[PDB]
Amino acid sequence: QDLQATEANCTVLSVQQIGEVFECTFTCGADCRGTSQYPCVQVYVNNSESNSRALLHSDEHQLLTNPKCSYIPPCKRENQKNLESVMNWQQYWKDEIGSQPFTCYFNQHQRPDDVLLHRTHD
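Quick notes on the rules
Residues numbered from 1 in each chain as written, not as in the entry; some residues may be left out. Heavy atoms only, no water. 1 Å grid on protein atoms, 1.4 Å probe; cavity = no way out; pocket = protein on both sides within 12 Å on 5 of 7 lines; lining within 4 Å. Points joined across faces, edges and corners; volume = space filled by probe spheres on them. Helix = DSSP H or I, 4+ residues; strand = E, 2+ residues; numbered from the N terminus. Nonpolar A, V, L, I, M, F, W, Y, C, P; charged D, E, K, R; others polar. Disulfide = S-S within 2.5 Å. Buried < 20%, exposed > 50% of the residue type's maximum accessible area, 1.4 Å probe, protein only. Core = buried A, V, L, I, M, F, W, Y, C linked by side-chain atoms within 4.5 Å. Contact = heavy atoms within 4.5 Å. Expected span 1.5 Å × (residues − 1). Arc of directions from axis to C-beta.

## Re the layout of surface pockets
Step number 1: In this structure, the largest pocket spans a volume of roughly 410 Å³.
Step number 2: Counting residues per element, the ones that place at least two in the lining of the largest pocket are β2 (22-28), β3 (32-38) and β4 (43-48).
Step number 3: The residue makeup of the lining of the largest pocket, split by class, is three nonpolar, 10 polar and six charged.
Step number 4: Reported here for the second largest pocket is a volume of approximately 280 Å³.

Shown next as structure tokens:
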């Protein structure tokens with residue numbers, strides 16, 4: 001499944017303080033996979049193309065507001081330090097999606113890459 005094209009989710013986390021829980025995903029050989037559970041985290045995009053999750057800090061003020069959110073061991077491929085660039089990130093999604101996560105699904109089993117692009121609705 002993961003080895004072949006099939007499921008790939010692309011969602012922009014929503015902006016919330018606390019009261020939300022998220023799960024992380026991992027992929028290994030021998031048909032073995034692992035997941036982790038952690039409270040609410042900053043805002044960015046979840047790359048479930050296989051088992052990756054990217055988190056970005058919208059601002060330090062949010063951390064002071066929800067310091068017990070990402071304090072738990074977060075799973076990120078890279079720190080991705082971003083300063084003024086972070087403001088542009090919100091402007092890019094805020095101007096298009098406004099603030100609604102989305103999921104995707106695609107499979108090469110057919111021949112190329114038929115993909116789906118469902119969006120989150122409030």
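From this point, the discussion proceeds with the structure in view.
## Focus: the state of the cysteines
Step number 1: Tallying each qualifying case throughout the model produces four disulfides.
Step number 2: The partner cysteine of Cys10 in its disulfide is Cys104, sulfur to sulfur 2.0 Å. Note that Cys10 is positioned in strand β1 (residues 9-12) and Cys104 in strand β6 (residues 102-107), a separation of 94 residues in sequence. This pair shows no difference in class: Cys10 is buried, exactly as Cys104 is.

## Re the nonpolar core
Step number 1: Formed by 19 residues in total, the largest nonpolar core has its most connected members in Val12, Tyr38, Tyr44, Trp89 and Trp93.
Step number 2: Those elements giving two or more residues to this core turn out to be β1, β2, β4, β5 (54-56), α2 (84-96) and β6.
Step number 3: Discounting chain neighbours no more than four positions away, the residues touching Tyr44 are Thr11, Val12, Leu13, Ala54, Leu55, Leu56, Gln80 and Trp89.

## Observations regarding α2
Step number 1: Across its 13 residues, α2 extends 19 Å between first and last C-alpha, which sits within 8% of the 18 Å expected from 1.5 Å per residue.
Step number 2: All of the buried residues along α2 are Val86, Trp89 and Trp93. One side of α2 carries all its buried residues, which in axial view fall inside an arc of 50 degrees. Away from the buried face of α2 by more than 90 degrees, exposed residues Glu84, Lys94 and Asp95 are located.
Step number 3: The inward-facing, buried residues of α2 contact β1, β4, β5 and β6.
Step number 4: Backbone geometry just downstream of α2 places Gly98 in the positive-phi region, at approximately 80 degrees.

## So, the environment of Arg111
Step number 1: With respect to the helices, strands and loops of the structure, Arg111 is situated in the loop between β6 and β7 (114-119).
Step number 2: Here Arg111 falls in the exposed class, since its relative accessible area comes to 76%.
Step number 3: Separated by 38 residues in the primary sequence, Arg111 and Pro73 have C-alpha atoms spaced 39 Å apart.

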